[PDB]
>>> print(open('structure-v2.cif').read())   # mmCIF, C-alpha atoms and all ligand atoms
data_upload
loop_
_atom_site.group_PDB
_atom_site.id
_atom_site.type_symbol
_atom_site.label_atom_id
_atom_site.label_comp_id
_atom_site.auth_asym_id
_atom_site.auth_seq_id
_atom_site.Cartn_x
_atom_site.Cartn_y
_atom_site.Cartn_z
ATOM 1 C CA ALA A 1 96.075 93.073 72.973
ATOM 2 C CA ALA A 2 96.773 96.765 72.290
ATOM 3 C CA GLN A 3 94.537 99.718 73.159
ATOM 4 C CA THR A 4 95.693 102.839 71.327
ATOM 5 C CA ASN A 5 95.374 106.330 72.821
ATOM 6 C CA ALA A 6 94.776 104.811 76.226
ATOM 7 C CA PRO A 7 94.875 106.917 79.392
ATOM 8 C CA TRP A 8 98.521 107.589 80.183
ATOM 9 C CA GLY A 9 98.398 105.488 83.352
ATOM 10 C CA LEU A 10 97.323 102.339 81.525
ATOM 11 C CA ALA A 11 100.081 102.886 78.985
ATOM 12 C CA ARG A 12 102.543 103.418 81.829
ATOM 13 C CA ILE A 13 101.797 100.175 83.676
ATOM 14 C CA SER A 14 102.609 98.116 80.556
ATOM 15 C CA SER A 15 105.724 100.086 79.612
ATOM 16 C CA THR A 16 109.366 100.125 80.662
ATOM 17 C CA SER A 17 109.413 103.851 79.796
ATOM 18 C CA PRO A 18 107.275 106.959 80.286
ATOM 19 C CA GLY A 19 105.899 108.886 77.350
ATOM 20 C CA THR A 20 103.862 106.272 75.468
ATOM 21 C CA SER A 21 100.127 106.069 74.843
ATOM 22 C CA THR A 22 99.208 102.448 74.015
ATOM 23 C CA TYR A 23 98.147 99.942 76.679
ATOM 24 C CA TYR A 24 99.378 96.380 76.035
ATOM 25 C CA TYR A 25 97.856 93.458 77.924
ATOM 26 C CA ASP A 26 96.952 89.804 77.644
ATOM 27 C CA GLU A 27 93.435 89.447 76.240
ATOM 28 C CA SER A 28 92.318 87.347 79.252
ATOM 29 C CA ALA A 29 91.995 90.762 80.919
ATOM 30 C CA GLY A 30 91.182 89.563 84.437
ATOM 31 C CA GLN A 31 88.330 87.253 83.423
ATOM 32 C CA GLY A 32 87.322 85.008 86.308
ATOM 33 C CA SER A 33 88.701 87.372 88.969
ATOM 34 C CA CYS A 34 86.734 89.735 91.190
ATOM 35 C CA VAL A 35 87.548 93.178 92.563
ATOM 36 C CA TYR A 36 85.676 94.805 95.417
ATOM 37 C CA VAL A 37 85.726 98.611 95.300
ATOM 38 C CA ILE A 38 85.167 99.823 98.855
ATOM 39 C CA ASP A 39 84.262 103.480 98.378
ATOM 40 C CA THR A 40 81.277 105.736 97.583
ATOM 41 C CA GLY A 41 79.630 103.070 95.413
ATOM 42 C CA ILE A 42 79.699 102.270 91.696
ATOM 43 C CA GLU A 43 77.307 103.466 88.999
ATOM 44 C CA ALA A 44 76.864 99.963 87.698
ATOM 45 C CA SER A 45 74.477 100.835 84.857
ATOM 46 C CA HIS A 46 77.284 102.771 83.176
ATOM 47 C CA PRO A 47 77.864 101.122 79.762
ATOM 48 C CA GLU A 48 81.619 101.276 80.357
ATOM 49 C CA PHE A 49 81.148 98.446 82.881
ATOM 50 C CA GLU A 50 79.242 96.282 80.347
ATOM 51 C CA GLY A 51 77.123 94.603 83.011
ATOM 52 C CA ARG A 52 80.213 93.419 84.951
ATOM 53 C CA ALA A 53 79.659 95.784 87.903
ATOM 54 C CA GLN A 54 77.163 95.390 90.736
ATOM 55 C CA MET A 55 76.523 97.018 94.092
ATOM 56 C CA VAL A 56 76.554 94.394 96.841
ATOM 57 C CA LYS A 57 76.435 96.431 100.074
ATOM 58 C CA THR A 58 75.713 99.901 101.388
ATOM 59 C CA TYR A 59 75.674 101.377 104.889
ATOM 60 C CA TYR A 60 73.604 104.406 103.820
ATOM 61 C CA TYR A 61 70.042 104.987 102.698
ATOM 62 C CA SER A 62 70.987 104.140 99.100
ATOM 63 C CA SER A 63 73.581 102.112 97.227
ATOM 64 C CA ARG A 64 73.822 104.820 94.542
ATOM 65 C CA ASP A 65 77.174 106.551 94.041
ATOM 66 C CA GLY A 66 76.107 110.150 94.522
ATOM 67 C CA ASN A 67 79.718 111.346 94.523
ATOM 68 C CA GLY A 68 81.601 109.792 91.587
ATOM 69 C CA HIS A 69 84.805 108.822 93.378
ATOM 70 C CA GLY A 70 83.945 105.123 93.663
ATOM 71 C CA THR A 71 82.776 105.012 90.056
ATOM 72 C CA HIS A 72 86.088 106.558 88.955
ATOM 73 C CA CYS A 73 88.118 104.036 90.943
ATOM 74 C CA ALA A 74 86.035 101.116 89.647
ATOM 75 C CA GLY A 75 86.602 102.415 86.132
ATOM 76 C CA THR A 76 90.370 102.314 86.560
ATOM 77 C CA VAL A 77 90.113 98.743 87.868
ATOM 78 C CA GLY A 78 87.847 97.382 85.197
ATOM 79 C CA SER A 79 86.032 99.668 82.756
ATOM 80 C CA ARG A 80 86.314 98.744 79.101
ATOM 81 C CA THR A 81 88.138 101.941 78.050
ATOM 82 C CA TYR A 82 89.749 103.186 81.275
ATOM 83 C CA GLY A 83 90.405 99.918 83.106
ATOM 84 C CA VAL A 84 93.427 97.722 83.720
ATOM 85 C CA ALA A 85 91.467 94.433 83.964
ATOM 86 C CA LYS A 86 88.802 94.899 81.316
ATOM 87 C CA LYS A 87 86.973 91.580 81.968
ATOM 88 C CA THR A 88 87.016 91.413 85.782
ATOM 89 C CA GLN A 89 83.851 91.384 87.874
ATOM 90 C CA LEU A 90 83.391 94.520 89.993
ATOM 91 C CA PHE A 91 81.572 94.566 93.345
ATOM 92 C CA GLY A 92 80.734 97.861 95.027
ATOM 93 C CA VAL A 93 80.683 98.292 98.803
ATOM 94 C CA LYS A 94 79.485 101.781 99.791
ATOM 95 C CA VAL A 95 81.253 102.675 103.041
ATOM 96 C CA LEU A 96 81.622 106.364 102.116
ATOM 97 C CA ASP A 97 78.700 108.748 101.952
ATOM 98 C CA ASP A 98 78.015 110.991 98.965
ATOM 99 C CA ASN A 99 80.287 113.671 100.461
ATOM 100 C CA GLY A 100 83.154 111.185 100.228
ATOM 101 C CA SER A 101 83.605 110.510 103.952
ATOM 102 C CA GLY A 102 82.788 107.662 106.299
ATOM 103 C CA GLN A 103 83.118 106.695 109.923
ATOM 104 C CA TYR A 104 85.847 104.204 110.742
ATOM 105 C CA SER A 105 83.288 101.814 112.230
ATOM 106 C CA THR A 106 81.488 101.678 108.867
ATOM 107 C CA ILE A 107 84.732 101.217 106.924
ATOM 108 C CA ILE A 108 85.692 98.337 109.254
ATOM 109 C CA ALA A 109 82.317 96.712 108.768
ATOM 110 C CA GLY A 110 82.711 96.962 104.993
ATOM 111 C CA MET A 111 86.090 95.234 105.091
ATOM 112 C CA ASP A 112 84.742 92.350 107.169
ATOM 113 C CA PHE A 113 81.790 92.229 104.778
ATOM 114 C CA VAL A 114 84.138 91.583 101.842
ATOM 115 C CA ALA A 115 86.012 88.868 103.735
ATOM 116 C CA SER A 116 82.733 86.964 104.088
ATOM 117 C CA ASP A 117 80.943 88.021 100.894
ATOM 118 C CA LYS A 118 83.628 86.630 98.627
ATOM 119 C CA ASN A 119 82.284 83.206 99.644
ATOM 120 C CA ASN A 120 79.022 84.240 97.913
ATOM 121 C CA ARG A 121 80.700 85.145 94.614
ATOM 122 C CA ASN A 122 82.283 83.223 91.757
ATOM 123 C CA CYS A 123 85.918 84.305 91.590
ATOM 124 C CA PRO A 124 87.851 81.200 90.529
ATOM 125 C CA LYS A 125 90.957 83.210 89.627
ATOM 126 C CA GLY A 126 90.991 85.160 92.911
ATOM 127 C CA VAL A 127 89.663 88.142 94.802
ATOM 128 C CA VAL A 128 91.036 91.682 95.179
ATOM 129 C CA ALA A 129 89.857 94.664 97.209
ATOM 130 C CA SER A 130 90.654 98.278 96.328
ATOM 131 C CA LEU A 131 90.502 100.768 99.233
ATOM 132 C CA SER A 132 90.884 104.355 98.001
ATOM 133 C CA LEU A 133 90.186 105.815 101.402
ATOM 134 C CA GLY A 134 91.791 106.481 104.722
ATOM 135 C CA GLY A 135 92.325 108.752 107.675
ATOM 136 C CA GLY A 136 94.533 108.973 110.739
ATOM 137 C CA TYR A 137 96.171 105.968 112.348
ATOM 138 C CA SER A 138 93.771 103.450 113.879
ATOM 139 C CA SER A 139 94.810 100.024 115.063
ATOM 140 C CA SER A 140 91.224 98.835 114.577
ATOM 141 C CA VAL A 141 91.158 99.965 110.936
ATOM 142 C CA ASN A 142 94.541 98.351 110.326
ATOM 143 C CA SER A 143 93.438 95.086 111.942
ATOM 144 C CA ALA A 144 90.341 95.003 109.721
ATOM 145 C CA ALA A 145 92.514 95.411 106.633
ATOM 146 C CA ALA A 146 94.836 92.698 107.956
ATOM 147 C CA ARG A 147 91.873 90.338 108.455
ATOM 148 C CA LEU A 148 90.667 90.994 104.924
ATOM 149 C CA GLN A 149 94.109 90.166 103.517
ATOM 150 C CA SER A 150 94.434 87.089 105.750
ATOM 151 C CA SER A 151 91.061 85.803 104.488
ATOM 152 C CA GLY A 152 92.538 85.436 100.987
ATOM 153 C CA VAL A 153 91.839 88.804 99.372
ATOM 154 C CA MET A 154 94.568 90.890 97.763
ATOM 155 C CA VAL A 155 94.102 94.210 99.593
ATOM 156 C CA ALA A 156 95.388 97.366 97.862
ATOM 157 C CA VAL A 157 95.140 100.593 99.881
ATOM 158 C CA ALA A 158 95.922 104.217 99.143
ATOM 159 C CA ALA A 159 98.999 105.654 100.823
ATOM 160 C CA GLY A 160 97.205 108.987 101.345
ATOM 161 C CA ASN A 161 97.571 112.503 99.970
ATOM 162 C CA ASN A 162 99.371 114.303 102.813
ATOM 163 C CA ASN A 163 102.934 114.462 101.386
ATOM 164 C CA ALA A 164 103.903 112.746 104.621
ATOM 165 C CA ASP A 165 104.966 109.406 106.053
ATOM 166 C CA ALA A 166 102.141 106.900 105.568
ATOM 167 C CA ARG A 167 103.005 105.469 108.998
ATOM 168 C CA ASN A 168 100.464 107.914 110.493
ATOM 169 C CA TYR A 169 97.504 106.941 108.301
ATOM 170 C CA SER A 170 95.167 103.951 108.129
ATOM 171 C CA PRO A 171 94.715 101.532 106.490
ATOM 172 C CA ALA A 172 97.891 102.706 104.659
ATOM 173 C CA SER A 173 100.078 101.813 107.647
ATOM 174 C CA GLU A 174 98.917 98.176 107.972
ATOM 175 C CA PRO A 175 102.045 96.217 106.978
ATOM 176 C CA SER A 176 100.334 93.160 105.521
ATOM 177 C CA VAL A 177 98.325 94.910 102.771
ATOM 178 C CA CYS A 178 99.640 96.525 99.566
ATOM 179 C CA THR A 179 100.117 100.254 100.209
ATOM 180 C CA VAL A 180 100.117 102.298 96.992
ATOM 181 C CA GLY A 181 101.724 105.675 96.329
ATOM 182 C CA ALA A 182 101.060 107.937 93.327
ATOM 183 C CA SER A 183 103.208 109.024 90.372
ATOM 184 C CA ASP A 184 102.722 111.448 87.448
ATOM 185 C CA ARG A 185 103.193 110.987 83.722
ATOM 186 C CA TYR A 186 106.817 112.218 83.879
ATOM 187 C CA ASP A 187 107.663 109.574 86.503
ATOM 188 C CA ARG A 188 107.742 111.977 89.439
ATOM 189 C CA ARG A 189 106.264 111.080 92.769
ATOM 190 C CA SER A 190 102.988 112.955 92.782
ATOM 191 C CA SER A 191 103.412 116.075 94.891
ATOM 192 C CA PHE A 192 100.700 115.024 97.361
ATOM 193 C CA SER A 193 101.632 111.360 97.642
ATOM 194 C CA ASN A 194 102.551 109.958 100.997
ATOM 195 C CA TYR A 195 105.796 108.006 101.234
ATOM 196 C CA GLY A 196 107.720 105.952 103.765
ATOM 197 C CA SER A 197 108.936 102.447 104.462
ATOM 198 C CA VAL A 198 105.366 101.083 104.580
ATOM 199 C CA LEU A 199 104.759 101.787 100.889
ATOM 200 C CA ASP A 200 104.910 98.697 98.698
ATOM 201 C CA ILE A 201 104.522 100.186 95.214
ATOM 202 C CA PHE A 202 103.641 103.291 93.180
ATOM 203 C CA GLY A 203 101.041 103.575 90.464
ATOM 204 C CA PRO A 204 99.756 106.342 88.201
ATOM 205 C CA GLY A 205 97.864 108.889 90.267
ATOM 206 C CA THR A 206 98.063 112.375 88.703
ATOM 207 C CA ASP A 207 95.532 113.339 86.000
ATOM 208 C CA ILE A 208 93.815 109.957 85.647
ATOM 209 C CA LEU A 209 90.913 109.705 83.178
ATOM 210 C CA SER A 210 88.139 107.315 84.202
ATOM 211 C CA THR A 211 84.385 106.908 84.521
ATOM 212 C CA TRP A 212 82.136 109.230 86.518
ATOM 213 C CA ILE A 213 78.523 109.301 87.566
ATOM 214 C CA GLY A 214 75.861 110.345 85.099
ATOM 215 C CA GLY A 215 77.422 108.076 82.494
ATOM 216 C CA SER A 216 80.319 110.486 82.150
ATOM 217 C CA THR A 217 84.113 110.630 82.480
ATOM 218 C CA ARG A 218 86.667 112.951 84.039
ATOM 219 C CA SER A 219 90.286 113.217 85.066
ATOM 220 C CA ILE A 220 91.178 113.544 88.742
ATOM 221 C CA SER A 221 94.232 112.959 90.912
ATOM 222 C CA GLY A 222 95.170 111.159 94.090
ATOM 223 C CA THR A 223 96.616 108.061 95.673
ATOM 224 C CA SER A 224 92.970 107.026 95.354
ATOM 225 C CA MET A 225 93.600 106.784 91.583
ATOM 226 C CA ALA A 226 96.895 104.897 91.907
ATOM 227 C CA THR A 227 95.353 102.206 94.119
ATOM 228 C CA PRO A 228 92.886 100.823 91.524
ATOM 229 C CA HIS A 229 95.687 100.556 88.950
ATOM 230 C CA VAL A 230 97.416 98.154 91.351
ATOM 231 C CA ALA A 231 94.183 96.349 92.254
ATOM 232 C CA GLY A 232 93.372 95.852 88.585
ATOM 233 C CA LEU A 233 96.921 94.710 87.889
ATOM 234 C CA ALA A 234 96.611 92.113 90.659
ATOM 235 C CA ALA A 235 93.353 90.778 89.208
ATOM 236 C CA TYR A 236 94.948 90.622 85.758
ATOM 237 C CA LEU A 237 97.993 88.724 87.059
ATOM 238 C CA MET A 238 95.866 86.315 89.126
ATOM 239 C CA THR A 239 93.805 85.436 86.026
ATOM 240 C CA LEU A 240 97.077 84.705 84.197
ATOM 241 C CA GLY A 241 98.104 82.374 87.015
ATOM 242 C CA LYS A 242 101.256 84.364 87.804
ATOM 243 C CA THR A 243 100.389 84.968 91.464
ATOM 244 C CA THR A 244 97.729 84.549 94.171
ATOM 245 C CA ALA A 245 95.968 86.886 96.571
ATOM 246 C CA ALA A 246 98.487 86.229 99.354
ATOM 247 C CA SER A 247 101.492 86.772 97.100
ATOM 248 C CA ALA A 248 100.377 89.394 94.586
ATOM 249 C CA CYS A 249 101.771 92.492 96.302
ATOM 250 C CA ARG A 250 105.227 90.908 96.547
ATOM 251 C CA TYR A 251 104.967 89.670 92.960
ATOM 252 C CA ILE A 252 104.086 93.164 91.753
ATOM 253 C CA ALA A 253 106.992 94.632 93.697
ATOM 254 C CA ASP A 254 109.362 91.945 92.299
ATOM 255 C CA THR A 255 108.342 92.667 88.695
ATOM 256 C CA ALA A 256 108.012 96.456 88.982
ATOM 257 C CA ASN A 257 109.986 99.059 87.082
ATOM 258 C CA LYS A 258 112.755 99.751 89.603
ATOM 259 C CA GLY A 259 114.574 103.001 90.325
ATOM 260 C CA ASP A 260 112.787 105.104 87.688
ATOM 261 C CA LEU A 261 110.821 107.620 89.813
ATOM 262 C CA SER A 262 111.858 111.123 90.903
ATOM 263 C CA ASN A 263 111.244 112.909 94.231
ATOM 264 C CA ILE A 264 111.321 109.597 96.104
ATOM 265 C CA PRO A 265 112.534 110.361 99.652
ATOM 266 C CA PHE A 266 115.364 108.230 100.932
ATOM 267 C CA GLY A 267 113.895 105.081 102.486
ATOM 268 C CA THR A 268 110.849 104.911 100.193
ATOM 269 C CA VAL A 269 110.698 102.282 97.448
ATOM 270 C CA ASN A 270 111.334 103.412 93.891
ATOM 271 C CA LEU A 271 109.061 100.775 92.325
ATOM 272 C CA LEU A 272 106.393 101.452 89.696
ATOM 273 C CA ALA A 273 103.727 98.854 88.913
ATOM 274 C CA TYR A 274 104.349 97.054 85.615
ATOM 275 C CA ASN A 275 102.497 94.183 83.920
ATOM 276 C CA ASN A 276 105.574 92.798 82.081
ATOM 277 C CA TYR A 277 103.353 91.882 79.149
ATOM 278 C CA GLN A 278 105.252 90.777 76.069
ATOM 279 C CA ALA A 279 103.043 90.308 73.015
HETATM 280 CA CA CA B 1 102.770 95.965 102.765
#
>>> encode(input="structure-v2.cif", output="structure tokens", more="lines below")
Ligand SMILES: [Ca+2]
Amino acid sequence: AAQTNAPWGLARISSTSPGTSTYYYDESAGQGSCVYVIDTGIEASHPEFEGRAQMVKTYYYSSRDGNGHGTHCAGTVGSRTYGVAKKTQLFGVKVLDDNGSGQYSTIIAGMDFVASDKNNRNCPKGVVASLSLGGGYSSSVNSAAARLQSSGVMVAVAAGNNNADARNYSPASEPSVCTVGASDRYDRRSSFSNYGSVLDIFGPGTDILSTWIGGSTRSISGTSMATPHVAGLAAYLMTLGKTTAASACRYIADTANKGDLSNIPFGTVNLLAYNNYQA
């Protein structure tokens, strides 16, 4: 399949080179996989989701995304126009309030929720979780992310936006999950992206067009935007049978575009997520 005039980040993850605008992908498009978006919620009624999104848990008075951030992330995972895995099922877990923040105890509960809830969902091709959130180092937050990954979910987490070593942030610093840094359309490390030996992979994170609340769209930036590119890529690859939840981060790193990014500090991987689709 080919989607012309796609958001630059979609075009980038199916290209060996920057500067193109068509997204190429196998038409299976993540069908039969599931991605949990653990964030501010998802505006499921948005037509861009085509009935494939649903809120499954909230820790607040409503399951509505009153912020937009979670809807944007979900759109990069799996919206029809802005998504990597255009046929995946999307499940929203609202651990962040409408101001975009959440207590670590609530975030931990939401991770353990996903580890159990996947047993209530039909995901024959596999399960992914996208965590575009984080704060300072917490062993409890890291151990929750480790449990989620151990349970058989491909966990993708944002590296953080501190232009610092991700070792000091959670869940970014949990070794066993897939920690995602951000790049821009000219293949630079995004100025704000964290780095360090705990990163597994980079994805597009600067000026990312996706869905927003009120049935809308907008472009925003962050490692929060890079993470769902990787989560959607994992779902896509698991539907194709190329990898599994336990192995997907390594598979993505093995098949990434290697050595092509700029402003990568010494000791940080120079790997950019790539779907290696050949039509
Ligand atoms: Ca890792």
>>> closest_residue(input="structure-v2.cif", among="A:39, A:26, A:254, A:200", to="ligand CA 1 (chain B)", atoms="all atoms listed in the file")
A:200
>>> residues_around(input="structure-v2.cif", residues="residue 38 in chain A", least_positions_apart="3", cutoff="7 Å", atoms="all atoms listed in the file", output="count of residues only")
6
>>> residues_around(input="structure-v2.cif", residues="residue 112 in chain A", least_positions_apart="5", cutoff="9 Å", atoms="only C-alpha atoms", output="list in words")
residues 107, 117, 144, 145, 147 and 148 of chain A
>>> closest_residue(input="structure-v2.cif", among="A:71, A:243, A:149, A:62", to="ligand CA 1 (chain B)", atoms="all atoms listed in the file")
A:149
>>> residues_around(input="structure-v2.cif", residues="residue 187 in chain A", least_positions_apart="2", cutoff="7 Å", atoms="only C-alpha atoms", output="ChimeraX atom specification")
/A:18,183-185,189,260-262
>>> resolve_selection(input="structure-v2.cif", expression="the PyMOL selection byres (((not hetatm)) within 8 of (chain B and resi 1))", output="MDAnalysis selection string")
chainID A and resid 174:179 198:200 249
>>> resolve_selection(input="structure-v2.cif", expression="the PyMOL selection byres (((chain A and resi 277) around 10) and not hetatm)", output="number ranges by chain")
A: 1, 13-15, 23-26, 274-276, 278-279
>>> closest_residue(input="structure-v2.cif", among="A:28, A:143, A:19, A:150", to="residue 84 in chain A", atoms="only C-alpha atoms")
A:28
>>> resolve_selection(input="structure-v2.cif", expression="the PyMOL selection byres (((chain A and resi 72) around 8) and not hetatm)", output="PyMOL selection string")
chain A and resi 68-71+73-76+210-212+217+225
>>> write_last_selection(input="structure-v2.cif", atoms="C-alpha atoms", output="PDB file, in the frame of the given file")
ATOM      1  CA  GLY A  68      81.601 109.792  91.587  1.00  0.00           C
ATOM      2  CA  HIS A  69      84.805 108.822  93.378  1.00  0.00           C
ATOM      3  CA  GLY A  70      83.945 105.123  93.663  1.00  0.00           C
ATOM      4  CA  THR A  71      82.776 105.012  90.056  1.00  0.00           C
ATOM      5  CA  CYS A  73      88.118 104.036  90.943  1.00  0.00           C
ATOM      6  CA  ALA A  74      86.035 101.116  89.647  1.00  0.00           C
ATOM      7  CA  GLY A  75      86.602 102.415  86.132  1.00  0.00           C
ATOM      8  CA  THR A  76      90.370 102.314  86.560  1.00  0.00           C
ATOM      9  CA  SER A 210      88.139 107.315  84.202  1.00  0.00           C
ATOM     10  CA  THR A 211      84.385 106.908  84.521  1.00  0.00           C
ATOM     11  CA  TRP A 212      82.136 109.230  86.518  1.00  0.00           C
ATOM     12  CA  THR A 217      84.113 110.630  82.480  1.00  0.00           C
ATOM     13  CA  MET A 225      93.600 106.784  91.583  1.00  0.00           C
TER      14      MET A 225
END
>>> atom_distance(input="structure-v2.cif", atom1="CA of residue 161 in chain A", atom2="CA of residue 97 in chain A")
19.3 Å
>>> atom_distance(input="structure-v2.cif", atom1="CA of residue 31 in chain A", atom2="CA of residue 88 in chain A")
5.0 Å
>>> axis_aligned_box(input="structure-v2.cif", around="range 228-241 of chain A", padding_each_side="6 Å", output="lines of an AutoDock Vina configuration file")
center_x = 95.5
center_y = 91.6
center_z = 88.2
size_x = 17.2
size_y = 30.4
size_z = 20.1
>>> decode(input="structure-v2.cif", residues="range 4-24 of chain A", atoms="N, CA, C and O atoms", output="PDB file, in the first residue's frame")
ATOM      1  N   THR A   4      -0.143   8.674  -0.242  1.00  0.00           N
ATOM      2  CA  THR A   4       0.565   9.872  -0.675  1.00  0.00           C
ATOM      3  C   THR A   4       0.305  11.042   0.274  1.00  0.00           C
ATOM      4  O   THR A   4      -0.703  11.101   0.987  1.00  0.00           O
ATOM      5  N   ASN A   5       1.258  11.978   0.283  1.00  0.00           N
ATOM      6  CA  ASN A   5       1.191  13.175   1.118  1.00  0.00           C
ATOM      7  C   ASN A   5       0.856  12.819   2.562  1.00  0.00           C
ATOM      8  O   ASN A   5       0.044  13.467   3.231  1.00  0.00           O
ATOM      9  N   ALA A   6       1.512  11.781   3.043  1.00  0.00           N
ATOM     10  CA  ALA A   6       1.384  11.343   4.415  1.00  0.00           C
ATOM     11  C   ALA A   6       2.165  12.285   5.328  1.00  0.00           C
ATOM     12  O   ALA A   6       3.069  13.000   4.885  1.00  0.00           O
ATOM     13  N   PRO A   7       1.842  12.308   6.618  1.00  0.00           N
ATOM     14  CA  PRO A   7       2.688  13.035   7.561  1.00  0.00           C
ATOM     15  C   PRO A   7       4.130  12.577   7.404  1.00  0.00           C
ATOM     16  O   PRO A   7       4.399  11.396   7.155  1.00  0.00           O
ATOM     17  N   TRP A   8       5.074  13.511   7.562  1.00  0.00           N
ATOM     18  CA  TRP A   8       6.465  13.191   7.273  1.00  0.00           C
ATOM     19  C   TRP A   8       6.948  11.992   8.080  1.00  0.00           C
ATOM     20  O   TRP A   8       7.783  11.221   7.589  1.00  0.00           O
ATOM     21  N   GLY A   9       6.468  11.835   9.318  1.00  0.00           N
ATOM     22  CA  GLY A   9       6.957  10.758  10.156  1.00  0.00           C
ATOM     23  C   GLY A   9       6.565   9.387   9.649  1.00  0.00           C
ATOM     24  O   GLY A   9       7.340   8.435   9.750  1.00  0.00           O
ATOM     25  N   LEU A  10       5.350   9.256   9.111  1.00  0.00           N
ATOM     26  CA  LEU A  10       4.964   7.989   8.491  1.00  0.00           C
ATOM     27  C   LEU A  10       5.849   7.701   7.287  1.00  0.00           C
ATOM     28  O   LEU A  10       6.351   6.586   7.109  1.00  0.00           O
ATOM     29  N   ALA A  11       6.050   8.706   6.437  1.00  0.00           N
ATOM     30  CA  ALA A  11       6.926   8.516   5.293  1.00  0.00           C
ATOM     31  C   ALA A  11       8.318   8.119   5.752  1.00  0.00           C
ATOM     32  O   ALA A  11       8.964   7.260   5.143  1.00  0.00           O
ATOM     33  N   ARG A  12       8.791   8.711   6.849  1.00  0.00           N
ATOM     34  CA  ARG A  12      10.149   8.426   7.299  1.00  0.00           C
ATOM     35  C   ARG A  12      10.287   6.984   7.766  1.00  0.00           C
ATOM     36  O   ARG A  12      11.316   6.344   7.514  1.00  0.00           O
ATOM     37  N   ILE A  13       9.300   6.436   8.474  1.00  0.00           N
ATOM     38  CA  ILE A  13       9.509   5.093   9.022  1.00  0.00           C
ATOM     39  C   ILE A  13       9.410   3.991   7.979  1.00  0.00           C
ATOM     40  O   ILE A  13       9.692   2.832   8.303  1.00  0.00           O
ATOM     41  N   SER A  14       9.030   4.307   6.738  1.00  0.00           N
ATOM     42  CA  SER A  14       9.088   3.339   5.649  1.00  0.00           C
ATOM     43  C   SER A  14      10.123   3.715   4.593  1.00  0.00           C
ATOM     44  O   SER A  14      10.117   3.145   3.501  1.00  0.00           O
ATOM     45  N   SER A  15      11.030   4.573   4.899  1.00  0.00           N
ATOM     46  CA  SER A  15      12.050   5.040   3.973  1.00  0.00           C
ATOM     47  C   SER A  15      13.464   4.835   4.505  1.00  0.00           C
ATOM     48  O   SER A  15      13.734   4.997   5.699  1.00  0.00           O
ATOM     49  N   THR A  16      14.380   4.537   3.581  1.00  0.00           N
ATOM     50  CA  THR A  16      15.805   4.542   3.883  1.00  0.00           C
ATOM     51  C   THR A  16      16.402   5.945   3.849  1.00  0.00           C
ATOM     52  O   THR A  16      17.595   6.092   4.147  1.00  0.00           O
ATOM     53  N   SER A  17      15.624   6.963   3.486  1.00  0.00           N
ATOM     54  CA  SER A  17      16.135   8.315   3.340  1.00  0.00           C
ATOM     55  C   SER A  17      15.134   9.337   3.853  1.00  0.00           C
ATOM     56  O   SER A  17      13.918   9.136   3.738  1.00  0.00           O
ATOM     57  N   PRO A  18      15.608  10.461   4.383  1.00  0.00           N
ATOM     58  CA  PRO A  18      14.696  11.565   4.695  1.00  0.00           C
ATOM     59  C   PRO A  18      14.230  12.238   3.411  1.00  0.00           C
ATOM     60  O   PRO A  18      14.760  12.007   2.323  1.00  0.00           O
ATOM     61  N   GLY A  19      13.217  13.089   3.548  1.00  0.00           N
ATOM     62  CA  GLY A  19      12.826  13.969   2.469  1.00  0.00           C
ATOM     63  C   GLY A  19      11.793  13.419   1.517  1.00  0.00           C
ATOM     64  O   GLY A  19      11.664  13.949   0.403  1.00  0.00           O
ATOM     65  N   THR A  20      11.064  12.373   1.901  1.00  0.00           N
ATOM     66  CA  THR A  20       9.982  11.844   1.084  1.00  0.00           C
ATOM     67  C   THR A  20       8.652  12.005   1.811  1.00  0.00           C
ATOM     68  O   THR A  20       8.604  12.326   3.002  1.00  0.00           O
ATOM     69  N   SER A  21       7.552  11.785   1.080  1.00  0.00           N
ATOM     70  CA  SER A  21       6.236  12.141   1.594  1.00  0.00           C
ATOM     71  C   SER A  21       5.180  11.057   1.410  1.00  0.00           C
ATOM     72  O   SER A  21       4.012  11.316   1.677  1.00  0.00           O
ATOM     73  N   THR A  22       5.547   9.874   0.945  1.00  0.00           N
ATOM     74  CA  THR A  22       4.610   8.770   0.795  1.00  0.00           C
ATOM     75  C   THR A  22       4.931   7.703   1.828  1.00  0.00           C
ATOM     76  O   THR A  22       6.098   7.357   2.027  1.00  0.00           O
ATOM     77  N   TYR A  23       3.895   7.198   2.486  1.00  0.00           N
ATOM     78  CA  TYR A  23       4.010   6.103   3.447  1.00  0.00           C
ATOM     79  C   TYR A  23       3.699   4.790   2.741  1.00  0.00           C
ATOM     80  O   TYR A  23       2.622   4.642   2.163  1.00  0.00           O
ATOM     81  N   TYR A  24       4.639   3.847   2.787  1.00  0.00           N
ATOM     82  CA  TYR A  24       4.481   2.526   2.183  1.00  0.00           C
ATOM     83  C   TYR A  24       4.376   1.469   3.267  1.00  0.00           C
ATOM     84  O   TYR A  24       5.201   1.449   4.179  1.00  0.00           O
TER      85      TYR A  24
END
